[PDB]
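> heads up, no residue letters with this:
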Ligand SMILES: O=c1ccn([C@@H]2O[C@H](COP(=O)(O)OP(=O)(O)OP(=O)(O)O)[C@@H](O)[C@H]2O)c(=O)[nH]1
Ligand SMILES: O=c1ccn([C@@H]2O[C@H](COP(=O)(O)OP(=O)(O)OP(=O)(O)O)[C@@H](O)[C@H]2O)c(=O)[nH]1
Ligand SMILES: Nc1ccn([C@H]2C[C@H](O)[C@@H](COP(=O)(O)OP(=O)(O)OP(=O)(O)O)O2)c(=O)n1
Ligand SMILES: Nc1ccn([C@H]2C[C@H](O)[C@@H](COP(=O)(O)OP(=O)(O)OP(=O)(O)O)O2)c(=O)n1
Ligand SMILES: [Mg+2]
Ligand SMILES: [Mg+2]
Ligand SMILES: [Zn+2]
Ligand SMILES: [Zn+2]
């Protein structure tokens, strides 16, 4: 079978460069030639212990594009009998007797990994576990980069915004570091700097990175400008008023951008990207979101089907 | 057509021994040979006026395993227009014009029975009505007993925990009393004793039952040990601290258990069954839950299809 | 100084018969001759961690009738969130630097006792701690009995309703058991009987008590009919319907009552006492509530004023 | 009249060294010789738009200790709904026709200052306005330091914890900087360092300060150890776990402490100070809280009573 | 004999039931000291078949400290040693109070997660020991309290 | 001469630092056996000044079990005894993973509420040991993890 057959998808740290390339190749193929009955008769659990409408809709749409059926829940602080009292372990022990795969998002780190220990032969796909991993966001990001740039090596990638608390930028950086010759530009307020353990990881692999006060320092060289949201609720309102200037993007900032350059953003964007960026050929955050469908399709297909008939 | 065709499934009191055997035979058959298109083009309403995630997921999974489509809701204290104001009668009058069957769970006793009076030719399946009935839990329990013991007559069944307020133990006792030669052991704090009307029912049929202070009195004889949860929220915390001892199960309690003996529990279990029981060959509460799929499939199939092509 | 000067008032079991008499005698005096300036320049904390409007207004009114100032709060809003990780110990360590006495009500048993270990020389009065104690309710009850019966010895006392979970009846029983010749009648559904440990205490002291299924059995010989609330939330509604007749009182039930007989209820009485009782000379629950003022004044005066009141 | 008669008390930056000394001297006097009728017939509004039980009880107790009457409210219930479209301006314009002074706490910075523009001749005292000012906390802190150290000049003051977001440490630093010869030690995680603008202010005045990674570095030379709370909600829990050791204090940390050294904390101290510190002669946080009463009395007296207190 | 040699000065707790010695060490924090400690677990015993044994040099226990052993090691012999000689023998008897080591089984009791020491009044009742929490005033069988 | 006498057969864990011996017994459930155990705490030591010492008869430890001591007693000497002979000595080597005994310092880690054993990846750093939780994938200094 294919290397991802019946595998749990929990952490970018567990996926090799070959794994990533395989998901991306599969996503390209399904995008070009859909297989709406591939997962016919499969039932997949969509378990959002933590609510996330955008991610859930994306995932469930991917399930339906392959013909699978879907059951699930999205949880505020409350759903029903067992929870609050019963362990996540018991919840998974039960649900894994119902379904062919579990997609789960949860507020506590490690929740998806724990689920694998109780799901028996049922594969678990992590849709987000606290501030730890979100591997399918990273896969859709990589797919979008590869599709627009034609490669995942020898790129110039700027990351802008809240680099300290963004689990998606951490994961994207780890994933890109599995490839060769990439160079990073980190543009963030000192209070929201990319963490040292990420910098240490890059140093150990001899991967170049530098800090910059504004995106104009490096705009002419950038292939991918990956913007994140500022977790302003962590910040003092005055402080948030003082930072945003160097981390807000407008169409005028793109004047010396390369033709190939794409602006990415996992969304929601509210303040970070002015609406005037939307019309430029560089705006790619909606296309990026649309790519979630193919990356998530590829993952479900690879995990639940032995052989890739294309 | 089969005896359950287009019938409402409201109460264990309405089902004969033959009815129960038919559902169980059908569940065994679908478990061995699935029919993923049997209910193709059927639309079923999953109406959880009272939220119950485990039961709802189980039921909706059963619907998808037969190829049916699903619409529905799960209600906190609120969903939308009509409810709070409009009668359950009107709600059913409307929904029954949409769908081919209604599965419903509701906080008030008798709610499913009332629904049958307004659903026209649309069958209603009771997923739980207050402290009254939960017939599909009872069917999955019976299916699990029959599958593991090879019979539903001449059994030794211990019931442990909150026997006073457990609607599932009441129903299971009524159902087993439709069969011959069964003997019961009731192990419960005086405050949570099996109710007299249940004991009266057993007496009238000459069915043997006895009370015991601990499961060790009868462990060597037990075929099925059916544990329930203590509704501790009804109890004083000190009182709950004092009772739990004689009604908590650990692996060491199983030392003289018969080879055939299974531990069942409708779940959630939190305190009642120690995790060390889980590894023993006697732990069967997760398998029991998985059997909900086949019992619920059998019911939908029998109610919505005239003839059992196997 | 008087025996209760600067003493904590936590539990009926720490109060001797002499203490109870002293409180009652002081209460009678303040009722006959008000001392509106006795506690002038005292500041008292009214700390209702659990809300209890009737009890709080009663207590604060008592503080004002003696001329004291009041600061306080009422929670049961921050029920287990917002309500900090700050210990009760710290809260009391702080508040005891502000005020001359602490009146507190709390959902956890032992809270007032714990408070005394952090209050320094500031007395704490227990306005109720979970299902444990409520000594000022018992003191107003005893005062009311003493006033209407002329004594606290050699009485025929019936207690009706939820004898199992009523902290107030447990405490009144313990208190009356400090006196001689009292005779108890316990009228309760089996599920809500007076607990064995109370019965053991009476047997140990050689005090006569009997169980009765209805009020009518003993109406002709009782001096005090102490009714309590049966909270529905513990019982099944059908169970509540089935037993309620035996713990409900209406005017016609009083036909053979002694002329001296008073009906007491700590309130609310909504189900248990029919409004037609209100106009009989036996209805004494509102007068009872009124006596709360004099019992609580007496306690505040004794605890905060060195010399006995004249 | 005294310098503070009928003055608003909004910000530490509007209070001179002479004002601070005057408040402290008045506080010492009222502590030594109470004046329980000084503000007889004054009515004061306790307006807690944001709830703050500890601060409110402290303030209201102070009002009562001077014999004033109190009216007020506490919100943080109508948090941004129910809470009207009625302006704070209008609320103050109304309340200032009722009362002789307004004590207010509010979630928005500048609220108390805005209040003064609509309060006419009614003084407003700021009980806290968002992340801006909390001058009476600073006044009780200074009083406590002055009392225990004999002076407010030439002290070695360590501040530990969340120096970045603590309004209370910012204000205490500004206040102490109005005096001469003070030396500061700032112990904080890099992510929570004392802000540059505070540092600039000290440099401008030629005041010495140094940064230190742990308390142990300076324990032997500090006169005041002012600890603050690190609220977890801003930090990642793993980040909180990693830095907490350096801002946590336990009894053994005090081995080499000066005999005069006092440990202060505006409270709650739940994580930062271990309970084993409580019994050392250095623990002074509860005495500190107690001094809130005298600082707040002094302020109320000075603002509402023309002549100096003797 | 003596796997665990005689000491010159201190206390020897003999006749501890098997699987209780380590529990005593944990509960009563006996190893939080710089004094030399020697221990034998699962030693043969004439009286008991097997036993545990704890020696703590230069350390002596009050009669009240000895009594705290009663619930766990009712037949314990607490020996006082000085100049290599046994100077005193005591057995524990039921104390009237047990502080610090027990946990109130009432989950709504204020004692949990508050900075106080647990405390139980001890009441004998033919067979079992009844333990009444100082705080919630609830009384439990000792079997219930010891269970957690 | 020996306060805790020589044994015929089993394992002797020597050169345990003071205040670690009892910790080893607790963490690794060493006393949950019927085998004879003899223990010395705060004994004198040439190499160390003072030490703890644990003897467990008829019981032997794998290299991996010995390595699980590394974090608490890096200078421990594990002696395998047979016929009163030391037939093998070994020192703990920092292992690759540490299971069961550590608690994840991340309060939001799923490991806390749940029926799973803690698990950490181990890697040596210049001045400490980094421990990475299997579940939350956060990495902490051993000084943080061991502090609880
Ligand atoms: O101080 C001691 C006492 C006893 N032991 C060891 O314990 C075992 C019993 O040695 P004992 O000396 O305790 O025999 P005993 O008959 O007095 O036992 P009891 O009935 O009083 O319980 C022997 O194996 C001995 O080596 C020690 O190692 N040290
Ligand atoms: O098996 C033993 C070993 C040691 N001990 C006791 O420990 C103390 C030291 O006895 P040692 O024999 O261990 O001395 P040592 O020089 O070898 O010590 P290290 O540097 O290797 O650490 C002595 O007091 C001895 O009685 C025992 O009681 N039993
Ligand atoms: N210098 C000493 C003397 C005695 N002990 C120990 C040995 C025994 O375990 C316990 C009691 O000593 P005994 O000599 O009294 O032994 P017995 O068997 O005679 O007393 P008992 O009947 O109480 O067991 O104290 C010791 O450790 N060091
Ligand atoms: N029959 C035996 C032999 C030895 N030991 C113990 C005594 C020592 O504590 C440990 C090691 O024995 P050694 O004879 O090797 O003592 P050393 O001091 O020489 O070895 P090391 O350098 O490791 O300290 O094992 C024992 O309990 N029983
Ligand atoms: Mg002996
Ligand atoms: Mg040696
Ligand atoms: Zn308790
Ligand atoms: Zn973790």
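That came in fine, so what should we check first? Numbering: from 1, shown residues only, chains lettered A, B, ... in the order given. Ligands and ions are numbered 1, 2, ... in the order given.
> how far away is the one residue in the stretch 101-250 of chain A that gets nearest to ligand 8 from residue F:136?
The nearest approach of the stretch 101-250 of chain A to ligand 8 comes at residue A:110, 5.6 Å away (Cβ to the ion). Using the backbone N, CA and C atoms, a C-beta is placed for each residue, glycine as well. Separation of residue A:110 from residue F:136 (Cβ to Cβ, to the nearest Å): 4 Å.
> quick one: which of these two has more around it?
residue A:110 (31 against 28; other Cβ atoms under 10 Å in any protein chain shown).
> Tell me how far the helix or strand hosting residue A:295 lies from the chain's centre.
Secondary structure from DSSP states H and E places residue A:295 in helix A:285-304. Its chain's average C-alpha position is 10 Å from that of helix A:285-304, according to Cα atoms, centre = their mean, to the nearest Å.
> which residue packs closest to the residue of the stretch 101-250 of chain A closest to ligand 8, ignoring adjacent ones?
residue F:135 (2.8 Å; Cβ to Cβ, 6 or more residues apart in numbering or on different chains).
> Report the contact partners of that neighbour.
By Cβ atoms under 8 Å, 6 or more residues apart in numbering or on different chains, the contact list for residue F:135 reads A:109-110, A:113-114, F:104, F:109-111, F:116, F:119.
> From what I see, residue E:30 and residue E:56 are in contact.
Yes. If you go by Cβ atoms under 8 Å, residue E:30 and residue E:56 touch, sitting 6.5 Å apart.
> in chain E, which spans are helices?
In chain E, helices defined by DSSP state H lie at E:21-27, E:63-67, E:142-146, listed in chain order.
> hmm, back to that, list phi and psi for the residue of the stretch 101-250 of chain A closest to ligand 8.
With angles defined as degrees, to the nearest 10, residue A:110 shows backbone torsions of phi 90, psi 0.
> how near is it to chain B?
Relative to chain B, residue A:110 is positioned 18 Å away (Cβ to the nearest Cβ, to the nearest Å).
> Please apply the same query to residue A:57.
Separation of residue A:57 from chain B (Cβ to the nearest Cβ) stands at 17 Å.
> Could you look up the SS state of that residue?
The local conformation at residue A:57, judged by DSSP: H, G, I helix; E, B strand; the rest coil, is helix.
> In contact with it, which residues?
Contacts were defined as Cβ under 8 Å, 6+ apart; by that measure residue A:57 touches no other residue.
> can you rerun that using 10 Å?
A:46, A:292-293 (Cβ atoms under 10 Å, 6 or more residues apart in numbering or on different chains).
> Close to chain D: what parts of chain A are there?
The interface of chain A toward chain D, taken as Cβ under 10 Å from any Cβ of the partner chain, is made up of A:108-109, A:130-132, A:164-165, A:167, A:190-193, A:195, A:231, A:233-239.
> can I see the domain layout of the chain?
Picking chain A for this. Following the assignment in curated CATH domains, chain A carries domains at A:1-133+A:292-310, A:134-291.
> that's the wrong chain, I meant chain E
If you go by curated CATH domains, the domain ranges for chain E are E:3-95, E:96-148.
> Number of residues surrounding the nearest residue to residue E:42 once chain neighbours are set aside?
In space, not counting the residues next to it along the chain, residue E:42 is nearest to residue F:36; the distance is 5.0 Å by Cβ to Cβ, 6+ apart. Applying other Cβ under 10 Å, we find 19 other residues in the vicinity of residue F:36.
> what sits against residue F:36?
By Cβ under 10 Å, 6+ apart, residue F:36 lies in contact with E:3, E:40-44, E:50, F:7, F:10, F:55-59.
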